[PDB]
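Q: sharing an experimental structure here, sequence included.
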Amino acid sequence: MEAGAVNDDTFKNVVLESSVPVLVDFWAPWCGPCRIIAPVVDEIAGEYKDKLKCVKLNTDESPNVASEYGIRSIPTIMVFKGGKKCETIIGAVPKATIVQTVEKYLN
């Protein structure tokens, strides 16, 4: 469903403690590719209603988890299936590829 926003605090709830899948985009305002991909991230997440809890994590404001996971370059779109991580996409992508990539993990 539509992509939410997270930070260190909320991430715990919205991601680690999630029931349904999650798609967290580690972004930042300086991250040009992240910004132009974000609409794509959202609309795809809209298509994947109910299950795909899409979200956006500000990497500058929430470096914490980025450091824990080992992330720096962004966009870094991590996938979770139920609390725990499953996959991760890095860099800009064409929507068709994103869609397919999501589908093979979800449906």
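A: Thanks, I have it. Residues are numbered from 1 along each chain as shown.
Q: please count neighbours and contacts with C-alpha atoms only from this point.
A: Noted.
Q: which parts of this protein are helices?
A: Ranges of helices in the chain, per DSSP state H, are 8-11, 32-47, 63-69, 95-105.
Q: and the ones you listed, which is most packed in?
A: helix 32-47 (a mean of 17; mean count of other Cα atoms under 10 Å).
Q: and it, what does it pack against?
A: strand 22-27, strand 53-58, helix 95-105 (3 or more Cα pairs under 8 Å, 6 or more residues apart in numbering; DSSP states H and E).
Q: let's see 10 Å
A: strand 22-27, strand 53-58, strand 76-82, helix 95-105 (3 or more Cα pairs under 10 Å, 6 or more residues apart in numbering; DSSP states H and E).
Q: of all the ones you listed, which lies closest to residue 1?
A: Shortest distance between residue 1 and the helices and strands packed on helix 32-47, using Cα to Cα, is found for strand 53-58: 5.9 Å.
Q: circling back to that earlier point, can I get the helices and strands packed on helix 32-47 in TSV including distance to residue 12?
A: Conversion of the helices and strands packed on helix 32-47 to TSV gives the following (distance: least, Cα to Cα, whole Å):
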stretch	distance to residue 12
strand 22-27	12
strand 53-58	12
strand 76-82	12
helix 95-105	22
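Q: between those, which gets nearest to residue 8?
A: The nearest among these, by Cα to Cα, is strand 53-58 at 8.2 Å.
Q: which elements pack onto that closest one?
A: strand 4-6, helix 8-11, strand 22-27, helix 32-47, helix 63-69, strand 76-82.
Q: need these in JSON lines with distance to residue 100, can you?
A: Putting the helices and strands packed on strand 53-58 into JSON lines (distance: least, Cα to Cα, whole Å) gives the following:
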{"stretch": "strand 4-6", "distance to residue 100": "21"}
{"stretch": "helix 8-11", "distance to residue 100": "25"}
{"stretch": "strand 22-27", "distance to residue 100": "14"}
{"stretch": "helix 32-47", "distance to residue 100": "10"}
{"stretch": "helix 63-69", "distance to residue 100": "25"}
{"stretch": "strand 76-82", "distance to residue 100": "14"}
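Q: any residues touching stretch 11-24, and which ones?
A: Outside stretch 11-24, the residues within contact range by Cα atoms under 10 Å, 6 or more residues apart in numbering are 1, 3-7, 10, 41-42, 45, 50-57, 62, 65, 75-89, 102, 105-106.
Q: that'll do, ta.
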